[PDB]
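Okay, structure first, notes after.
Atom set for the values below is all heavy atoms of this structure, side chains included, hydrogens, waters and symmetry mates excluded. Reminder, nothing fancy here: chain letters follow the sequence lines and each chain counts from 1.
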2 protein chains.
Amino acid sequence: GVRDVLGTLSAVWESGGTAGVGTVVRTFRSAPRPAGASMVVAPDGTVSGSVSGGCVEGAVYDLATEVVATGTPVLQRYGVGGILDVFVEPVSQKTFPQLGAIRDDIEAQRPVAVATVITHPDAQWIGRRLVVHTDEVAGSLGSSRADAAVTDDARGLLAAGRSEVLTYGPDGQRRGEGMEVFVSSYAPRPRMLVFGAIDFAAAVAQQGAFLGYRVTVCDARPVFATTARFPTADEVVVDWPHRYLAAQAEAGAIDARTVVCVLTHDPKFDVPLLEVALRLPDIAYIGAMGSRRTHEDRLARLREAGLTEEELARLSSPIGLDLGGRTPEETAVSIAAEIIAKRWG
Amino acid sequence: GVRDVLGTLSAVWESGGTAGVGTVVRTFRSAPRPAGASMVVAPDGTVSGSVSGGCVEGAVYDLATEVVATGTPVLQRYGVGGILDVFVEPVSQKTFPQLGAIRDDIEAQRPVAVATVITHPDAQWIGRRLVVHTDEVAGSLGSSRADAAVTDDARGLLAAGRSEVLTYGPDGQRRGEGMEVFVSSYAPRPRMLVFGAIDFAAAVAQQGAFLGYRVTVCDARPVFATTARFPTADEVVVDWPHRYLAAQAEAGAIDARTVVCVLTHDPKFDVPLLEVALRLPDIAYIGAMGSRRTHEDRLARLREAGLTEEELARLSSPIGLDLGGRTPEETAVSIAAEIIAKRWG
């Protein structure tokens with residue numbers, strides 16, 4: 001969402017002024033910028049951020065300028081290469097008192113969603129917002145039923161890191177028509193954890209970085225788990241894999257989008273590791289590398305260790321889509337593709 | 001193959017000396033280095049290249065040393081993490097008179113395969129070789145039937161850029177047993193051609209580079225097709241896509257592993273382009289970007305232009321595997337995965 005232009009927006013907010021903020025809420029026909037793309041017009045007229053590829057920037061700028069004057073938020077559809085819904089609002093300390101706290105949450109890696117009414121029959125509702133955390137909600141949409149419905153749905157989207165327009169009836173009845181709410185999620189970068197610092201881990205970590213994951217490579221062997229060997233990994237740790245995973249779980253440093261790749265079949269490490277991983281309250285993906293021989297030998301060993309067929313059903317083994325690729329690069333792509341397929345973008 | 005250590009090997013060859021060369025011919029249980037990985041021991045004893053991850057390097061070194069002394073080539077199997085077949089031979093001007101010419105072919109981007117007998121009942125055959133081009137073959141395995149069979153199969157592997165052990169009967173009878181021939185292919189980097197220099201082309205070109213392709217980005221629009229916008233593409237050209245493709249075909253600068261991505265649906269460019277691409281004697285992949293609406297509209301337009309259902313069957317549209325991914329990064333991965341799936345590594 002506003003992460004691109006949040007420093008500039010915050011500085012306006014802190015100074016006491018009003019920014020005009022245009023947020024892309026919905027997109028059709030492959031418009032250039034996605035749900036959450038933001039443009040900010042400072043009181044002195046300076047613009048940052050982008051909502052399109054140039055196509056309607058001038059029009060959004062004028063709208064943002066007009067909206068600051070009237071103080072009335074506006075949903076506008078632009079049609080040109082795509083179709084774009086842009087919601088334009090005045091953001092000040094008066095109109096958005098929580099913005100500083102949200103800036104602070106984004107900085108401290110506390111997940112937070114903002115849910116805004118962008119469409120309603122009663123015009124007084126437009127631009128009302130909820131600030132939603134896991135454990136908390138602030139603000140009011142104007143009705144307990146609306147607050148209840150949106151809070152719930154926003155937390156679900158937040159947990160997934162998703163931003164979307166949800167549609168309700170006027171009192172927040174599900175499947176009703178007439179009220180639309182944009183949920184804009186600010187979740188930290190999801191984690192990819194790679195256990196086994198063999199050379200192939202570098203290829204896995206480059207695909208994880210390409211897909212937007214923060215990648216930790218972890219191996220009990222100091223010679224292997226080295227910054228030099230993995231210079232692009234966000235983090236390289238020397239630990240027993242299962243000790244590291246269990247510690248992340250306990251710290252709440254892993255969430256529902258966390259992705260685990262097991263690149264070892266050393267029984268000393270892989271079984272205790274998968275004993276932990278396969279028992280975690282669900283994380284996005286748990287893959288294990290190996291040929292078909294390694295795969296079946298590992299399954300035998302995991303059954304022998306006490307894993308249930310239901311826990312084993314969580315495991316993607318052998319890892320990746322079967323695309324027929326031979327090289328480490330092809331295998332890395334097959335893994336990234338399976339990860340995407342399992343969550344459905 | 002020897003590309004890693006070819007400079008060092010060539011310098012030995014040119015000086016009049018004999019190098020001991022160990023080439024990994026076959027691998028099982030995910031051994032660290034693939035078919036073609038080479039180790040070279042210079043007369044002064046200096047080693048470069050690698051056949052394993054450290055596991056049998058000392059043993060291969062001693063074998064290479066012994067093979068230079070006896071002058072007799074040896075196939076050796078090593079079992080440890082994997083299983084490795086390593087073929088060790090003495091390489092000099094006397095024993096391998098074509099090596100200089102092959103160095104020259106690799107440098108000029110002329111595809112060339114070397115086919116060597118690694119196993120035979122008649123020990124005199126071991127280490128005999130054919131040097132195979134598209135249009136030429138030098139050397140003799142010792143029989144017209146063997147030369148005929150291997151030449152044919154080597155050209156097929158060369159055309160695909162593949163290195164493999166092929167198995168024949170003693171006179172080169174297919175499906176026979178007893179004779180094994182390593183074909184080591186030296187083909188240039190395969191090309192990925194990306195037509196449409198939109199921002200998403202960068203993501204496509206990073207995956208192509210990751211997979212080992214040399215990437216050309218091409219667009220008729222000078223503002224778009226720019227080195228600055230695509231700093232990692234090997235090449236960025238301003239041309240009508242169909243004019244560029246047709247010129248590559250005529251020049252023989254595209255081969256059977258060439259991969260084409262069409263990222264435009266501008267009728268001015270895409271139809272003439274696909275008129276050329278879909279009619280080329282087969283190239284590996286021809287994908288076209290678009291939503292389902294764009295896909296069907298483009299097909300209508302291509303039927304209208306005269307494309308046959310058989311030509312249209314060559315087209316991968318909408319592009320990529322359907323993995324459900326939304327971001328440009330996910331789409332890029334889905335495209336790389338479809339490319340791999342279509343060739344089967």
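Taking NE2 from A:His265 and OG from B:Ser30, the interatomic distance works out to 8.0 Å, rounded to the nearest 0.5 Å. Here CD of A:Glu330 is found 4.5 Å from CZ of B:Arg343. Values are rounded to the nearest 0.5 Å. Here the CG-CZ distance, from A:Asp199 to B:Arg33, works out to 9.5 Å after rounding to the nearest 0.5 Å. One distance of note links CZ of A:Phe210 with OG1 of B:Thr327; it measures 8.0 Å at 0.5 Å rounding.
Residue with the most contacts toward chain A among B:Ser291, B:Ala203, B:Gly53: B:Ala203 (heavy-atom pairs, distance under 4.5 Å). Among B:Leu211, B:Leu323, B:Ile198, the residue with the largest count of heavy-atom pairs under 4.5 Å with chain A is B:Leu323.
Take B:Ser316 and apply the side chain to side chain contact (heavy atoms under 4.5 Å, CB included) test, not counting sequence neighbours, and it matches B:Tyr285, B:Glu338, B:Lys342.
Heavy atoms closer than 4.5 Å to chain B are found in the side chain of A:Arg162, but not in its backbone. When heavy atoms are compared at a cutoff of 4.5 Å, A:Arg29 approaches chain B by way of both its backbone and its side chain. Contacts between B:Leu321 and chain A at a heavy-atom distance below 4.5 Å involve the side chain alone, from C-beta outward.
No side-chain N or O of A:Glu329 forms a donor-acceptor pair with one of B:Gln207 less than 3.5 Å apart.
For B:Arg293, the CZ atom is densely surrounded, since the number of other residues' heavy atoms within 6.0 Å is greater than 12. Annotation for A:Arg292: atom CZ does not count as buried by contact number, only 12 or fewer foreign heavy atoms lying within 6.0 Å. Other residues, nucleotides and ligands contribute only 12 or fewer heavy atoms inside 6.0 Å of the CZ atom of B:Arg189.
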